[PDB]
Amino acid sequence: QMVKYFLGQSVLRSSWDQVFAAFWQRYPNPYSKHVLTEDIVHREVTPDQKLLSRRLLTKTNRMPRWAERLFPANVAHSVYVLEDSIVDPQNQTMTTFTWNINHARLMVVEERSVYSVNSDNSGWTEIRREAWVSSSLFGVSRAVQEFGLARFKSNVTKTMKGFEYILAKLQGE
(Lines of atoms letter the chains of each structure in order from A and count residues from 1; the text may use other names and numbers.)
(Lines give C-alpha, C1' and ligand atoms only; values in the text may rest on other atoms or scores of the structure.)
Protein backbone atom coordinates (compact mmCIF):
# COMPACT_ATOMS: atom_id res chain seq x y z
CA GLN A 1 0.00 0.00 0.00
CA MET A 2 1.60 3.10 -1.25
CA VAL A 3 -1.87 3.94 -2.62
CA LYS A 4 -4.64 4.55 -0.07
CA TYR A 5 -7.94 2.99 -1.14
CA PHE A 6 -11.34 4.28 0.03
CA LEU A 7 -14.72 2.62 -0.33
CA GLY A 8 -17.95 4.45 0.57
CA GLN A 9 -21.74 4.32 0.22
CA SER A 10 -24.35 7.10 0.40
CA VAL A 11 -28.14 7.35 -0.08
CA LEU A 12 -29.89 10.44 -1.51
CA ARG A 13 -33.57 10.41 -0.43
CA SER A 14 -34.55 11.63 -3.94
CA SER A 15 -35.39 9.78 -7.13
CA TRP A 16 -32.74 8.88 -9.66
CA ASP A 17 -34.01 11.34 -12.27
CA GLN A 18 -33.95 14.26 -9.78
CA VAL A 19 -30.40 13.34 -8.67
CA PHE A 20 -29.13 13.05 -12.26
CA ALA A 21 -30.58 16.51 -13.07
CA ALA A 22 -29.20 17.96 -9.82
CA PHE A 23 -25.76 16.65 -10.82
CA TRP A 24 -25.47 19.39 -13.43
CA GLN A 25 -26.99 22.15 -11.30
CA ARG A 26 -25.37 21.53 -7.95
CA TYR A 27 -22.81 24.38 -8.23
CA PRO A 28 -22.86 26.90 -6.74
CA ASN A 29 -24.24 25.88 -3.35
CA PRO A 30 -23.47 26.92 0.23
CA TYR A 31 -20.96 24.00 0.59
CA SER A 32 -19.04 24.72 -2.65
CA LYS A 33 -17.19 28.00 -1.95
CA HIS A 34 -13.92 26.19 -2.73
CA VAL A 35 -15.27 25.50 -6.25
CA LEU A 36 -14.34 28.58 -8.31
CA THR A 37 -14.94 27.63 -11.98
CA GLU A 38 -17.06 25.09 -13.83
CA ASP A 39 -17.12 24.21 -17.54
CA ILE A 40 -18.25 21.45 -19.86
CA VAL A 41 -15.28 20.79 -22.11
CA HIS A 42 -16.73 17.83 -23.95
CA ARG A 43 -20.24 16.38 -24.31
CA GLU A 44 -21.88 13.88 -26.67
CA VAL A 45 -24.79 11.42 -26.87
CA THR A 46 -23.71 7.95 -27.96
CA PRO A 47 -25.70 5.70 -30.34
CA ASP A 48 -26.93 3.63 -27.36
CA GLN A 49 -28.28 6.90 -25.87
CA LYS A 50 -25.57 7.46 -23.22
CA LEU A 51 -24.48 11.01 -22.39
CA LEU A 52 -20.70 11.41 -22.23
CA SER A 53 -19.47 14.56 -20.52
CA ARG A 54 -16.17 15.94 -19.33
CA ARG A 55 -16.48 18.74 -16.79
CA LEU A 56 -13.58 20.97 -15.72
CA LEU A 57 -13.53 22.51 -12.24
CA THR A 58 -11.00 24.87 -10.75
CA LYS A 59 -10.84 24.66 -6.95
CA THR A 60 -8.98 26.52 -4.27
CA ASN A 61 -5.74 24.94 -3.07
CA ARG A 62 -6.10 24.62 0.68
CA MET A 63 -3.15 22.99 2.34
CA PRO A 64 -2.21 22.64 5.98
CA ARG A 65 0.47 25.08 6.97
CA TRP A 66 3.19 22.41 7.23
CA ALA A 67 2.64 21.44 3.60
CA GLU A 68 2.74 25.08 2.55
CA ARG A 69 6.20 25.36 4.11
CA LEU A 70 7.37 22.12 2.50
CA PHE A 71 5.77 22.71 -0.94
CA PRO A 72 6.16 26.48 -1.57
CA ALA A 73 5.90 26.16 -5.33
CA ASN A 74 2.43 24.57 -5.00
CA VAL A 75 0.86 27.20 -2.70
CA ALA A 76 0.08 29.79 -5.39
CA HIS A 77 -1.80 27.45 -7.75
CA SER A 78 -5.45 26.44 -7.84
CA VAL A 79 -6.33 22.76 -8.34
CA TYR A 80 -7.71 21.74 -11.75
CA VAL A 81 -10.08 18.78 -11.71
CA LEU A 82 -11.62 16.73 -14.51
CA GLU A 83 -14.87 14.80 -14.02
CA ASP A 84 -15.76 12.32 -16.74
CA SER A 85 -19.25 10.91 -16.65
CA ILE A 86 -21.61 8.49 -18.39
CA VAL A 87 -25.32 9.06 -17.83
CA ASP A 88 -27.48 6.07 -18.90
CA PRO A 89 -31.22 6.70 -18.52
CA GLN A 90 -32.16 3.31 -19.92
CA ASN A 91 -30.53 1.56 -16.94
CA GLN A 92 -30.99 4.45 -14.51
CA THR A 93 -27.28 4.64 -13.79
CA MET A 94 -24.61 7.26 -13.86
CA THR A 95 -20.85 6.56 -13.56
CA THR A 96 -18.30 9.28 -12.78
CA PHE A 97 -14.48 9.45 -12.71
CA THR A 98 -12.92 12.55 -11.08
CA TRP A 99 -9.22 13.42 -10.64
CA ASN A 100 -6.86 16.37 -10.37
CA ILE A 101 -4.80 17.12 -13.44
CA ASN A 102 -2.28 19.50 -11.80
CA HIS A 103 -0.31 19.32 -8.52
CA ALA A 104 0.19 15.76 -9.77
CA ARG A 105 3.73 15.32 -8.43
CA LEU A 106 2.50 16.17 -4.95
CA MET A 107 -0.60 13.97 -4.94
CA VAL A 108 -3.31 12.45 -7.13
CA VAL A 109 -6.82 11.76 -5.79
CA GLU A 110 -9.00 9.72 -8.12
CA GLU A 111 -12.69 8.98 -7.43
CA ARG A 112 -14.96 6.55 -9.28
CA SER A 113 -18.66 6.80 -8.36
CA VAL A 114 -21.77 4.90 -9.46
CA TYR A 115 -25.29 6.32 -8.99
CA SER A 116 -28.21 3.92 -9.21
CA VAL A 117 -31.77 3.37 -7.93
CA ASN A 118 -31.69 2.56 -4.21
CA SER A 119 -32.30 -1.18 -3.92
CA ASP A 120 -34.44 -0.75 -0.78
CA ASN A 121 -36.52 2.16 -2.07
CA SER A 122 -37.31 2.85 -5.73
CA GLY A 123 -37.86 6.59 -4.88
CA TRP A 124 -34.25 7.00 -3.65
CA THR A 125 -30.75 6.89 -5.10
CA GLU A 126 -27.67 5.09 -3.81
CA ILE A 127 -24.07 6.15 -4.51
CA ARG A 128 -21.18 3.69 -4.42
CA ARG A 129 -17.92 5.66 -4.23
CA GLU A 130 -14.30 4.40 -4.67
CA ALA A 131 -11.23 6.61 -4.28
CA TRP A 132 -7.42 6.20 -4.57
CA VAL A 133 -4.96 8.67 -2.98
CA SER A 134 -1.41 8.37 -4.33
CA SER A 135 1.72 10.53 -4.13
CA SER A 136 4.85 10.39 -6.28
CA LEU A 137 6.72 11.43 -3.12
CA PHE A 138 7.03 7.75 -2.13
CA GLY A 139 9.12 7.21 -5.26
CA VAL A 140 11.13 10.34 -4.42
CA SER A 141 11.83 9.07 -0.89
CA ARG A 142 13.11 5.77 -2.38
CA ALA A 143 15.30 7.59 -4.92
CA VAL A 144 16.79 9.74 -2.14
CA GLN A 145 17.48 6.65 -0.02
CA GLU A 146 19.08 4.81 -2.94
CA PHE A 147 21.29 7.82 -3.68
CA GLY A 148 22.25 8.02 0.04
CA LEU A 149 23.19 4.34 0.11
CA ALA A 150 25.16 4.57 -3.15
CA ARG A 151 27.10 7.53 -1.85
CA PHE A 152 27.74 5.80 1.47
CA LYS A 153 29.11 2.69 -0.27
CA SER A 154 31.30 4.79 -2.53
CA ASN A 155 32.62 6.67 0.54
CA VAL A 156 33.37 3.38 2.32
CA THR A 157 35.70 2.53 -0.62
CA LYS A 158 37.28 5.97 -0.34
CA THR A 159 37.60 5.50 3.42
CA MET A 160 39.44 2.16 3.09
CA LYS A 161 41.69 3.28 0.24
CA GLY A 162 42.51 6.31 2.38
CA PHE A 163 43.35 4.08 5.36
CA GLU A 164 45.63 1.95 3.15
CA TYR A 165 47.33 5.09 1.80
CA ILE A 166 48.14 6.46 5.24
CA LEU A 167 49.15 3.10 6.72
CA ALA A 168 51.61 2.50 3.80
CA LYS A 169 52.95 6.00 4.33
CA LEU A 170 53.33 5.44 8.07
CA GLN A 171 55.02 2.02 7.72
CA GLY A 172 58.59 3.22 7.23
CA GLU A 173 57.93 6.86 8.24
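A residue's number is simply how far along the shown sequence it sits, counting from 1.
- Mean C-alpha B-factor is higher over 73-81 than over the other stretch, the pair under comparison being 73-81 and 93-101.
- For the two regions 23-31 and 138-146, the entry's Cα B-factors average higher over 23-31.
- Out of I127, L106, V109, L51, the entry records its largest CA B-factor for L51.
- For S113, the recorded CA temperature factor ranks within the lowest third of the chain's modelled residues.
- Among the modelled residues of the chain, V133 sits in the lowest third by CA temperature factor in this PDB entry.
- Per the PDB record, residue ranking by Cα B-factor puts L170 in the highest third of the chain.
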